[PDB]
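Before any questions on binding or motion, here is one chain by itself as structure tokens, the form deposited in one PDB entry.
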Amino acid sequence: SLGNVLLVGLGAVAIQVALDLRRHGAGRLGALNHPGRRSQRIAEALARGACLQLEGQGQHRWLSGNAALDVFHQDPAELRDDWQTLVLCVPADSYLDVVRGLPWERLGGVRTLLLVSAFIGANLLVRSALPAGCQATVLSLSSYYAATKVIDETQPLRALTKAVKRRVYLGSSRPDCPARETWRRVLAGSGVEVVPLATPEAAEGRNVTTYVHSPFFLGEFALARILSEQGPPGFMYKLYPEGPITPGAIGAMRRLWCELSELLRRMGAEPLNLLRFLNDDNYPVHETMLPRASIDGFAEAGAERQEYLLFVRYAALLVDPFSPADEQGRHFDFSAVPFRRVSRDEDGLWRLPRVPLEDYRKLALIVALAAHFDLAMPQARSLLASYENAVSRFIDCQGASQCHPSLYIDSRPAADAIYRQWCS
């Protein structure tokens, strides 16, 4: 079924996936992670006899478990044609690099390649990069299915999952793909429902971070906090001035959802009901805050009501309404996630965190792809311009010499490869 499974990227996502794969019965389980301090620490832990450990936080404690890794490679030169499934647990903005870098001459036996956090066009981009006559099926999971992080970077094999989604979606480059059911079962082991959809793009159209991170973390407030060294970092999911959520950001969310929905229609995929997707598939609120009739009717409700409902949705989740109250009546503050900020790497160069660099790169690629379908996407373009102007001013102030080149891009080549692949 899954045969021997190679995990590409061994970070927080991979450890959760490894636990679900070992429950199911991979066969051999290996991992590849490019050189660096993390891979060094992993090789050291593995050589010490360490195993992967997943802790579930609070409600999720029942997830907790340990999983053995059979082999770990930080050097593709030692890979052999032993692998039937590849699972990409790297950042989604690196899929193209990572796929180009695999030694496909020694991977003819690969039958399936799973993208754990896909975005519109990712399946096609990955297939554009495969060698001729590669017969691996490429699977797109709509979103990573939990919230997981490596708590202590010096114990790189221990991760903590603090949330699990209710539902995600899975598409495949192979029509009526049988691997979808396999992965349905693997993810079911952690309580998430996988819904198979007919094409990759339908599933990719349900990537939550594209819809949420784009309006909230490419705007002025988020960028100001992220690109700062001194002030308070602020909070990713709180209201202004503690966090980035404002009526303006909600209006960007709505308008971007409309643009992405039209792109999906032009690629033959059914768009989603954004409010019902957030509430039912990701995390709910009470009927008192969002009535069922309002959730189900959201797509026909009219722009003012749509924005009102989205704002309510996020305001209602400043605390967890389903957590127990303390004696004062307070509920758990789970909008208190700090923004990660710029930091210097081991060469002394400023680097951006994945929020927003991955978010920008994904949206920039989507915008470039949309041009091929004659779609201007002005709200997306405005969010890209907001990021570009902010990062530009940070380079102005800090000095280009001090900045990693990832802060300096052209998405049109990759978008052209995607469109050509789509047109084959």
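We call the rigid core the largest set of C-alpha positions that still match within 1.5 Å between the two forms. Don't overthink the numbering: it's just position in the shown sequence, from 1.
Unmodelled residues of the deposited sequence between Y408 and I409: 1 to 3. Of the two segments, 101-109 and 266-274, the one listed with the higher mean B-factor is 101-109 (C-alpha atoms only). Between 144-152 and 289-297, it is 144-152 that carries the larger average Cα temperature factor according to the deposited entry. Highest C-alpha temperature factor among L365, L29, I395, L383, as the PDB entry reports it: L29. Note on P200, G251, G219, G231: the highest value goes to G231, judged by CA B factor as recorded. Ranked within its chain, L21 lands in the middle third, by CA B factor from the PDB record.
Sort the modelled residues of the chain by CA B factor and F373 lands in the middle third. Per the deposited record, the Cα B-factor of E44 falls in the middle third when ranked against the other modelled residues of its chain. Looking at the C-alpha B-factors along this chain, the one for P353 belongs to the middle third. Among all modelled residues in its chain, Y360 ranks in the lowest third by Cα B-factor.
Below, we turn to the form deposited in another entry, even though it does not appear here.
After superposing the rigid core, the Cα of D396 is displaced by less than 2 Å between the shown form and the other one. Relative to the superposed core, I151 undergoes a Cα shift of 2 Å or more between the shown form and the other one.
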